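In: no sequence for this one, just the structure:
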Ligand SMILES: Nc1ncnc2c1ncn2[C@@H]1O[C@H](CSCC[C@H](N)C(=O)O)[C@@H](O)[C@H]1O
Ligand SMILES: [Zn+2]
């Protein structure tokens, strides 16, 4: 699936294969043009490079968030810190969960029927923490907010490499 | 910790401002607000004279290292250099446009610092009485100024919670220690070696800031100091006691080894604003405000 | 003939030379063993400046004696 | 005098720069040269061009010491190159700290902070008949913020510009609402 | 910082200054004058500390003691007195041959003073009584000898007007080490003054062919008697040719200052590399008298026509000593601050 | 018979010392030419050359160029005060002028 062009921060290294993103200095949260509304949709975040001192905030942020927003600023955006899992949300400090290794396959999922949510930190089909509860209906963009130039890819194929176990979803060849 | 009353210096007819010991440790001086600076002894309170010749009131009186020369922080916006052995107006020196509260000498006795109310902290001359330097320091009346042991540093306390260390030779600011609270900082002074500064703030808590690093070490609790500007001292003869005046008709003496209520003296009838410690002996002065007008000599 | 050279710092070199060797050979051996450049090897024999173009059978040098290497400084 | 315990003991101010004194072509920045020829000489000139003193208008202000000519450069507004959402945290933060806003945006992407880091281009007051303005120029890819002039400015006159709430400007063309 | 650069005022308080010296810590400055007056300043307070009337005839030599409480001088009247800084009274006084050059305490003991008369031999004295030991001179023909103690106090270096340096042991007069200075091709040159550092073994010889030679204090002890050492560093001026007047070392013995006897300038070299680093000019038509150096801080005190100048680094200040939470930058700096956007120690306070 | 070291390297310069000494000997200035005179004069010529090329390279950088043409030498000389007093009666070819319009001519 192709990325966006004008609803984003162009100073990042949207690399020249149109399928791989590289970050820069600062949490300039680039967000894709395929935000969830209803049904069931999932993709992966495939790490091909992760140097040290590279915190990678991953989550789901609304169109109401800033293009330069920290992922974890408000009620409209979650967070998951690499240092002791200490997530920050509505300016709340809670030492909560664990970290994440190098070169793994990431990817988060939410289930919003036409509601009741399934918001758990999804890593490799393994529980990493029940995050939050009872959001409102709306749009949530794929949030890529990196600290350094860690080259990570992204999988848009229906043949996922680490999906959640027993997931009800739809193939990604219908959004773009 | 066995201090008992010996004598009582009486004769001051207004609120007693401050009493200080001579540097040789033989002459506890005295003053008041009635334009009368008396000269008393140390071991019995023996009368010598009463220094005057002014036009308006008197705040404070400084010393000389040989216990001879004096200056008066008068309240006619002037600087009158005095003398113990004669009692003569040696140098009549103007220089300020408001009153003066604190004034001190460097240990080599050639400069006069004068933290005033028109906020021009000046450095005067002793031999000729000429103005020498000028420091645009504060936006508040300066409460305390002090030199270190050698004489290369000047400290300054204010009302907005600021302390700045000033240079003697060049004369610019070097270190500013910051506080989130802003009480009127009443009386700062150096350590007796010249490597620490003891700060007195108006939140009923004293603080001992380390000089070069820039953080505090230990505090004091259990004293009453909210309205006025109460002095403090050090003790090197016996224990590590810290002598200060009191508002609730007491004498505030405690130890940083204790950090708790371990000794209180009692007997005053007004707010003791100024205490003084003796360099070689265990002699403690304590002078109160207008409802007492007496001085209680404590002695171990 | 193993004579010695002690400097002013307190270090003594152990040179297992022959009684008929040259100076630049000693310079090359010191370049091999120490890494110190030979641009300062002014040896002192009874206060006299030993000339650099000499041998050991010239100054009537006693065996297992002590010479002295004094460092010099130049370079801008 | 040791007894009259009075008010006016705290002011809650960062700068105690309000002093007792408050004593308020040929050059390359005034020539018609291209822009990086002027921008290089700018920072060497701005140390002797202007200064900060006690302004009668509102707090402190920028006061020249030398005759600025017409249409030349005066000083650069330079501080932290932050992005436009840390500005919200700092607005609420110094709302809790009571410190005012020093936030010029270069464009609709990033904002220059002048609270923790900056130079003497903070202390320029607001007015309605000003004598200075601003542009955004290009020096080797990066962008900068230069305060120009509008007419010949005499030694002692205060420099002001339009920032774009009751104000103490007092000018005849006042608006009385600065938003 | 390092070696001074800017002119920085003067001390135009008492006229007709002639010579100057510092103590070990550099807090006092004794200066003799043209009528027997010794004025002491301060550098901790930048003010005059004490003025003591000495004599009626001028003073041409001064030396501080090790404790700092005793001075000694050598006026025109052949007077060598152990003065006081507290009372200020002459104690000892006895006449010499009428020109006297230099006096100097022993660097460890305030009992031994080394007086160098002009037309005589060096005389080592005592101060517990009136003993005097006339030191031996090799040539005994010219009688123009300068001498001084070394740094620690173990030896005394002596020099004649023929370029023959001798080493005498400080108490038993043991002529153990000697050399003749290799001046050009064949001719020998005079010796004007000998000075020693404050840290180490190096020293300098001021000859009369206008070249300053920097030796090492251990090569002489290595070479022994009648050896031939060569200098570590040869320093001169060849444009103006500059006959020198006075030399001394820096604080830790790293730099060398050398005042001029013709043009009123001061030249500063390095000792390690050996290159000229700065020339400090001044008033164009004066005449130079003395050069000093502050032992822990870069201050030079040059006397010229009674005016003492002080080259003292030109302190220029800034902000951020007033507001410590602020950093006054110069150009733009981009960053974000953090990657996550939201004991009983009893120390002696009266220890000196 | 030793290794030859040119007199420029012995003084730490970049201009030649031997060529300056020859041009003083073969130029009818005096009979005898001292030893330190070409070293002094080559040091002075190197200082003035570096002093003008600094400013010319700065102007060439500010015009978004890599090389130096005579316009940048013109701007560098005419903007400095003391280089302008030294090169006062000198025409530099292909140089142009400085922008200067009088005050009473523009509306
Ligand atoms: N001319 C003016 N009249 C009233 N308020 C002004 C003003 N110019 C600036 N201000 C206010 O003051 C702030 C600028 S900072 C003012 C100068 C300096 N900080 C000082 O007082 O010492 C802004 O928040 C603005 O709201
Ligand atoms: Zn207004």
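Out: Great, that's in hand. Numbering: from 1, shown residues only, chains lettered A, B, ... in the order given. Ligands and ions are numbered 1, 2, ... in the order given.

In: for chain F, which residues are neighbours of chain D?
Out: Residues of chain F lying close to chain D by Cβ under 8 Å from any Cβ of the partner chain are F:58, F:59, F:61, F:62, F:63, F:75, F:79, F:98, F:99, F:100, F:101. From N, CA and C alone the C-beta is placed, and that goes for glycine too.

In: what's the most distant pair in those residues?
Out: Across the residues of chain F next to chain D, no pair lies farther apart than F:61 and F:101, at 26.5 Å, counting by Cβ to Cβ.

In: who has more neighbours, these two?
Out: Neighbour count, other Cβ atoms under 10 Å in any protein chain shown: between residue F:61 and residue F:101, residue F:61 has more, with 16 against 9.

In: how about that one, what does it touch?
Out: Shown in contact with residue F:61 (Cβ atoms under 8 Å, 6 or more residues apart in numbering or on different chains): residue D:36.

In: so it: helix, strand or coil?
Out: helix (DSSP: H, G, I helix; E, B strand; the rest coil).

In: tell me the contacts of residue 79?
Out: I'll assume chain A. Applying Cβ under 8 Å, 6+ apart, the residues contacting residue A:79 are A:57, A:59, A:70, A:71, A:72, A:87, A:88, A:89.

In: oops, I was thinking of chain D
Out: Contacts of residue D:79 (Cβ under 8 Å, 6+ apart): D:102, D:112, D:113, D:114, D:115, D:117, D:118, D:119, E:329, E:332.

In: what about it, distance to residue C:10?
Out: 58 Å (Cβ to Cβ, to the nearest Å).

In: one step back: quick one: which of the contacts of residue D:79 is nearest ligand 1?
Out: Ligand 1 has its nearest neighbour among the contacts of residue D:79 in residue D:102, at 7.1 Å by Cβ to the nearest ligand atom.

In: what's the burial count for the nearest residue in space to that closest one that is not next to it in sequence?
Out: Nearest residue to residue D:102, sequence neighbours excluded (Cβ to Cβ, 6 or more residues apart in numbering or on different chains): residue D:114, at 3.9 Å. The local packing of residue D:114 (other Cβ under 10 Å) involves 21 other residues.

In: residues near residue D:149, how many?
Out: 21.

In: and what of residue E:251?
Out: 17.

In: how about the one 3 residues further on?
Out: Summarising burial for residue E:254: neighbours were counted as other Cβ under 10 Å, giving 16.

In: now do the helices in chain E.
Out: For chain E, applying DSSP state H gives helices covering E:219-223.

In: tell me the centre residue of it?
Out: Closest to where the C-alpha atoms of chain E average out (Cα atoms, centre = their mean) is residue E:248, at 4.8 Å.

In: so who does that residue touch?
Out: Neighbouring residues of residue E:248 by Cβ under 8 Å, 6+ apart: E:195, E:256, E:257, E:291, E:292, E:293.

In: separation between residue D:41 and chain A?
Out: 30 Å (Cβ to the nearest Cβ, to the nearest Å).

In: list the contacts of the nearest residue to that residue once chain neighbours are set aside.
Out: Counting by Cβ to Cβ, 6+ apart, residue D:41 lies nearest to residue D:28, which is 4.2 Å off, once chain neighbours are set aside. By Cβ under 8 Å, 6+ apart, the contact set of residue D:28 is D:37, D:38, D:40, D:41, F:79.

In: ok, now with 7 Å
Out: Residues in contact with residue D:28 (Cβ atoms under 7 Å, 6 or more residues apart in numbering or on different chains) are D:37, D:38, D:41, F:79.

In: doesn't it belong to a helix?
Out: No: applying three-state DSSP, one finds residue D:28 to be coil, outside a helix.

In: now the strands: where do they sit in chain A?
Out: A:13-14, A:20-22, A:30-31, A:45-47, A:56-61, A:87-88, A:93-94, A:105-106, A:120-123, A:126-130, A:141-146, A:151-153 (DSSP state E).

In: now the stretch 201-350 of chain E
Out: In the stretch 201-350 of chain E, the strands defined using DSSP state E, counting those that start in this stretch lie at E:203-207, E:211-215, E:233-236, E:244-249, E:255-260, E:266-270, E:276-280, E:290-291, E:301-304, E:307-310, E:327-328, E:333-334.
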